[PDB]
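Q: everything below, folded, please.
(one chain, ligands or ions: 1)
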Amino acid sequence: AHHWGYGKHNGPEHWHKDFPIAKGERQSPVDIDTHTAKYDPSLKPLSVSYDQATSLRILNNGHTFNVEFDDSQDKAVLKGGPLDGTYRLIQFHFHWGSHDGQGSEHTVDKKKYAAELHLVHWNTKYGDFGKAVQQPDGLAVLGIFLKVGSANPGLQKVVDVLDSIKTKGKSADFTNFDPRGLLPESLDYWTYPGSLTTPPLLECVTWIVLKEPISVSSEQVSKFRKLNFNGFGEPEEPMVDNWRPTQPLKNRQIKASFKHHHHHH
Ligand SMILES: [Zn+2]
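A: Residues are numbered from 1 along each chain as shown. Provided below are the atomic coordinates:
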């Protein structure tokens, strides 16, 4: 069984014992130092085509909630940017804090956001997600920060169903959710090679982290915190602070698709 979680006894500092790649050379998340994450003019615009996305289900898996998609065809796909080929959307999930001052996995010049959205996509050349996660170019994860402010209409359908999946293992039908409602205006981004941010921590991810956050109301993020890590019939453990701290960049380069205000050129 899995021991790992986010507590003091089983959290990120313990993960390397079962998953020694936790101390690897390409671990995520990372701090994005915007001065050293240089503009790369060879980076193409991202193509996020979600108009035909087909959501299926929403699930509390004991460490986040996932919205799952039908990935049997090239409907919802990510391409362009740093990517070679076509990556199919399989699910999205969030990381959030116990309070509005923390929650994101990536940081920008050490700044944390209240939450972070991960849209997970796999490379169609590999046939399915399980095959893709075994390869360095297998996954592309689009990371989007959530900044507390005005309520986000694009998030409300998700928040409204969370009361039906309060405990680990619970799921609910969740059709016709349009993930276009979770995208900011700008598709400017940073990109680097990294890992899954939960066990098994495989170094199979091209990370694409958007510059522009999307909004979330304080009330909306509070509803994330009403979920529980525990299963039905166990003492309640609120699902909060389900984020891994930032990991050493080591020899990697973060590239920017745009000129940041910290770049003279
Ligand atoms: Zn994640």
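Q: grab the nearest non-local neighbour of residue 112.
A: In this structure, residue 112 finds its nearest non-sequential neighbour in residue 102, 4.7 Å apart by C-beta to C-beta, 6 or more residues apart in numbering. C-betas here are computed from N, CA, C, even on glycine.
Q: OK, contacts around that neighbour?
A: 112, 114, 241, 243 (C-beta atoms under 8 Å, 6 or more residues apart in numbering).
Q: what of residue 162?
A: Per C-beta under 8 Å, 6+ apart, neighbours of residue 162: 58, 65, 223, 224, 226, 227.
Q: now swap in residue 212 and tell me
A: With contacts defined as C-beta under 8 Å, 6+ apart, the neighbours of residue 212 are 184, 185, 186, 188.
Q: just the buried subset of these, please.
A: By neighbour count, with 16 or more other C-beta atoms under 10 Å, these hold residue 188 as buried.
Q: neighbours of residue 166, how many?
A: Counted with other C-beta atoms under 10 Å, residues neighbouring residue 166 total 16.
Q: how about the closest residue to the ion within the chain, phi and psi?
A: Residue nearest to the ion within the chain (C-beta to the ion): residue 118, separated by 3.6 Å. Main-chain torsions, residue 118, degrees, to the nearest 10: phi -120, psi 120.
Q: now do the contacts for the nearest residue to it once chain neighbours are set aside.
A: Closest residue in space to residue 118, ignoring its immediate chain neighbours: residue 141 at 5.3 Å, by C-beta to C-beta, 6+ apart. By C-beta under 8 Å, 6+ apart, the contact set of residue 141 is 118, 119, 120, 121, 205, 206, 207, 208.
Q: out of the residues you listed, who's the most crowded?
A: Going by other C-beta under 10 Å, residue 121 tops the contacts of residue 141 with 30 neighbours.
Q: re the thing from before, ok now the helix or strand that contains the residue nearest to residue 118, how far from the chain's centre?
A: Counting by DSSP states H and E, the element that carries residue 141 is strand 139-148. Computed by C-alpha atoms, centre = their mean, to the nearest Å, the chain-centroid distance of strand 139-148 equals 5 Å.
Q: what comes up buried for the helix or strand following that strand?
A: As assigned by DSSP H and E, the chain's next helix or strand after strand 139-148 is helix 153-161. Buried residues in helix 153-161, counting neighbours by 16+ other C-beta under 10 Å, are found at 154, 155, 157, 158, 159, 161.
Q: also stretch 162-179?
A: Judged by neighbour count (16+ other C-beta under 10 Å), stretch 162-179 contains these buried residues: 162, 165, 166, 167, 168, 170, 171, 174, 177, 179.
Q: next, the distance between the ends of it.
A: The first and final residues of stretch 162-179 sit 17 Å from each other (C-alpha to C-alpha, to the nearest Å).
Q: same question, stretch 4-20
A: Termini of stretch 4-20 sit 13 Å apart (C-alpha to C-alpha).
Q: touching the ion at all, it?
A: No - for stretch 4-20, no contact with the ion is found by C-beta under 5 Å from the ion; the gap never falls below 12.3 Å.
Q: for the chain, which residues are neighbours of the ion?
A: Listed as neighbours of the ion in the chain under the rule C-beta under 5 Å from the ion: 118, 197.
Q: centroid-nearest residue for the chain?
A: What sits nearest the mean C-alpha location of the chain, by C-alpha atoms, centre = their mean, is residue 118, with 2.0 Å.
Q: so that residue is in contact with residue 93, correct?
A: Yes - counting by C-beta atoms under 8 Å, residue 118 does reach residue 93; the two are 5.7 Å apart.
Q: and the helices in the stretch 1-150 of the chain?
A: With helices called from DSSP state H, counting those that start in this stretch, the stretch 1-150 of the chain shows them at 129-132.
Q: which ones among the contacts of residue 141 map onto strands?
A: Within the contacts of residue 141, residues falling in strands by DSSP state E are 118, 119, 120, 121, 205, 206, 207, 208.
Q: which residues does the fifth one bridge with?
A: Here residue 205 sits in beta bridges with residue 139, residue 194, going by DSSP bridges.
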